[PDB]
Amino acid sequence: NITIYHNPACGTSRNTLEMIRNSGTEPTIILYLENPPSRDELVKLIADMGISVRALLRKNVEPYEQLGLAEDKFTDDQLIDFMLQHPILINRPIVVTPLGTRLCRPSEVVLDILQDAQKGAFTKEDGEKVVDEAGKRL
């Protein structure tokens, strides 16, 4: 029972999805840009991730730039409401498994919450090796 909030256009999100598959399960895939979490779900994701609301904000996207969000003049709830009204602000990928929830940046963070071991060596799509055939992290 795994869920990934996935952006097919992001290498980090692609590598995370293939690592999930390499542990042997096909996750439920939520294209969050199109189908963002509800307010309640997003608050829960953030609490489970143990990160600040602002640490979930993606920089360098049009609403972050034009809404001035680099500056420290927003409460946590104002930032959650911006994220819901402009879903590209939600950084990615978020992964939920029975063991917990993480913002998988970098992608190998997901190894923390996958229940089953990678089934073989895993190399990221730019050739960065992540785990060898024996299962050791490199």
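Don't overthink the numbering: it's just position in the shown sequence, from 1.
Taking the mean C-alpha B-factor of each stretch as recorded, 126-134 and 11-19 are not equal, and the higher mean is that of 126-134. Taking the PDB entry as given, 51-59 carries the higher mean Cα B factor of the two stretches 83-91 and 51-59.
Highest CA B-factor among the listed residues (38, 107, 35, 66): 38. For residue 28, the recorded CA B-factor ranks within the highest third of the chain. Only modelled residues enter the ranking. Sorting the modelled residues of the chain by their CA temperature factor places residue 77 in the lowest third.
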